[PDB]
Amino acid sequence: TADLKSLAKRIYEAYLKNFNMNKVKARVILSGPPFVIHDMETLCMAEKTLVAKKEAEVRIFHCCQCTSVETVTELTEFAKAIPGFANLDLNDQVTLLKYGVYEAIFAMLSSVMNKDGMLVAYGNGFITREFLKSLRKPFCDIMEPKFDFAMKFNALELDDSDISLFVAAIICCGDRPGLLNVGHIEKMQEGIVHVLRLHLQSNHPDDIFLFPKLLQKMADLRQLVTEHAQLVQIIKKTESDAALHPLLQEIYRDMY
Ligand SMILES: CCO[C@@H](Cc1ccc(OCCn2c(C)ccc2-c2ccc(SC)cc2)cc1)C(=O)O
């Protein structure tokens with residue numbers, strides 16, 4: 001229905017407008033120039049670009065943090081384009097966002113990642129996968145699971161129009177803890193998922209099973225976030241130099 005066809009465009013619109021990075025321009029950059037960070041020297045050079053006059057692992061740990069806070073803010077504004085979200089109870093908007101933020105972060109970060117590294121610093125830097133592996137434990141275990149997910153997720157060849165609805169569906173999960181009006185959210189969820197399923201059919205006629213694959217990726221993302229939140233706790237509890245942004249701690253607070 002043209003209403004359905006227009007609903008996807010709505011969400012695709014709010015997506016291109018609230019997220020400073022997207023797959024189309026990330027690929028425009030990844031092709032061909034981002035400053036390559038591939039060893040300790042190039043990391044320190046790139047840092048001096050910002051603070052002219054703690055420990056490499058800990059500085060990286062806070063840079064990623066800065067990207068999460070930004071995306072939390074962007075996701076909230078994006079959520080408005082979903083039919084019914086703004087009509088939901090406030091406490092339920094907070095709960096859906098609290099549990100869907102990191103799932104959406106790691107989903108969208110794939111657009112910026114390839115087998116060799118990922119775009120960082122607003123498209124100005126490119127940090128290598130091998131360098132991230134070379135970091136001392138346990139900071140070297142942060143990103144490699146995100147690359148494994150991203151490599152298989154990107155193999156699905158989704159575009160920003162698909163990821164648009166995928167991220168909306170992520171936020172629209174009816175089985176999040178502490179939801180008051182679970183009934184309305186599931187109806188909200190059913191509407192987003194419906195238009196996602198049909199959009200995938202029309203946009204990817206060469207892969208009719210793309211929708212079941214994305215449902216599986218949704219569950220993979222959930223497990224990916226649970227494990228990531230755990231590793232953050234280990235770093236926070238240990239590594240006495242590793243602070244945790246307070247807005248991010250409130251997201252993890254009572255999550256998994
Ligand atoms: C361990 C923290 O985990 C976060 C979740 C999370 C994990 C990886 C991520 O990729 C950010 C990109 N990147 C990496 C991989 C190293 C350094 C940067 C970087 C360099 C310069 C800048 S300039 C602002 C920004 C980022 C983004 C968020 C959380 O829990 O919030």
Side-chain angles (χ1 to χ4, degrees), residues 19-22 26 29-30 34-40 42-51 54-76 97-151 153-154 167 170 221-239 241-253 255-256:
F19 300 127
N20 74 88
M21 187 60 54
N22 62 34
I29 297 177
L30 262 13
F35 180 73
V36 176
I37 306 180
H38 63 83
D39 67 341
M40 283 300 175
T42 49
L43 173 66
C44 300
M45 289 168 56
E47 302 172 326
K48 251 95 127 302
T49 293
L50 302 169
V51 175
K54 271 307 192 313
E55 206 193 339
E57 290 75 358
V58 171
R59 306 195 296 276
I60 287 145
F61 180 79
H62 290 81
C63 291
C64 307
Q65 215 141 130
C66 302
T67 294
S68 302
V69 176
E70 292 179 328
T71 315
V72 164
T73 307
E74 306 190 320
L75 264 154
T76 307
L97 286 163
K98 158 194 192 65
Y99 283 95
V101 156
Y102 277 103
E103 290 178 21
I105 290 179
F106 296 140
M108 294 187 289
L109 281 189
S110 314
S111 309
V112 115
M113 301 165 67
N114 63 35
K115 55 198 254 113
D116 296 323
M118 57 180 292
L119 242 34
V120 308
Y122 315 101
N124 293 110
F126 181 85
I127 193 163
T128 65
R129 183 176 183 177
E130 281 296 302
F131 175 66
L132 294 165
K133 286 172 57 189
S134 85
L135 298 181
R136 89 182 171 77
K137 307 200 67 202
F139 295 90
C140 56
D141 310 320
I142 298 181
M143 279 315 288
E144 192 60 18
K146 286 59 168 184
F147 279 101
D148 290 350
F149 176 91
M151 290 313 91
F153 187 78
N154 292 341
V167 170
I170 287 177
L221 248 3
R222 216 131 115 171
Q223 179 69 10
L224 186 74
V225 173
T226 295
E227 301 171 332
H228 174 85
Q230 292 178 0
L231 184 59
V232 175
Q233 249 290 120
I234 286 184
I235 296 173
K236 172 200 169 185
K237 194 107 95 135
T238 320
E239 315 301 323
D241 279 288
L244 189 56
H245 192 274
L247 161 57
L248 271 21
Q249 222 177 149
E250 185 53 39
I251 288 177
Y252 289 126
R253 222 185 300 280
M255 186 176 72
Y256 302 138

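Numbering of ligands and ligand atoms starts at 1, following listing order. Numbers here are sequence positions counted from 1.
Rounded to the nearest 0.5 Å, atoms CD (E47) and CD1 (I60) are 7.0 Å apart. Separating the CE atom in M40 from the CZ atom in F131 is a distance of 4.5 Å, to the nearest 0.5 Å.
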Pairs of nitrogen or oxygen atoms, one from ligand 1 and one from the protein, closer than 3.5 Å: please tabulate them with distances.
residue: ligand 1; atom: 3 (O); partner: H228; partner atom: NE2; Å: 3.1
residue: ligand 1; atom: 30 (O); partner: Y102; partner atom: OH; Å: 3.1
residue: ligand 1; atom: 30 (O); partner: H228; partner atom: NE2; Å: 3.3
residue: ligand 1; atom: 30 (O); partner: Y252; partner atom: OH; Å: 2.8
residue: ligand 1; atom: 31 (O); partner: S68; partner atom: OG; Å: 2.3
residue: ligand 1; atom: 31 (O); partner: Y102; partner atom: OH; Å: 2.9

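Every residue meeting the side-chain hydrogen bond (donor to acceptor under 3.5 Å, both in side chains) condition with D148, not counting sequence neighbours, appears here in chain and number order: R129. Judged as a side-chain hydrogen bond (donor to acceptor under 3.5 Å, both in side chains), and not counting sequence neighbours, the contacts of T42 are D39. Listed by chain and number, the residues in a side-chain hydrogen bond (donor to acceptor under 3.5 Å, both in side chains) with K54 amount to none (sequence neighbours excluded).
Side-chain contact between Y252 and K236: absent, with no pair of heavy atoms (C-beta onward) separated by less than 4.5 Å.
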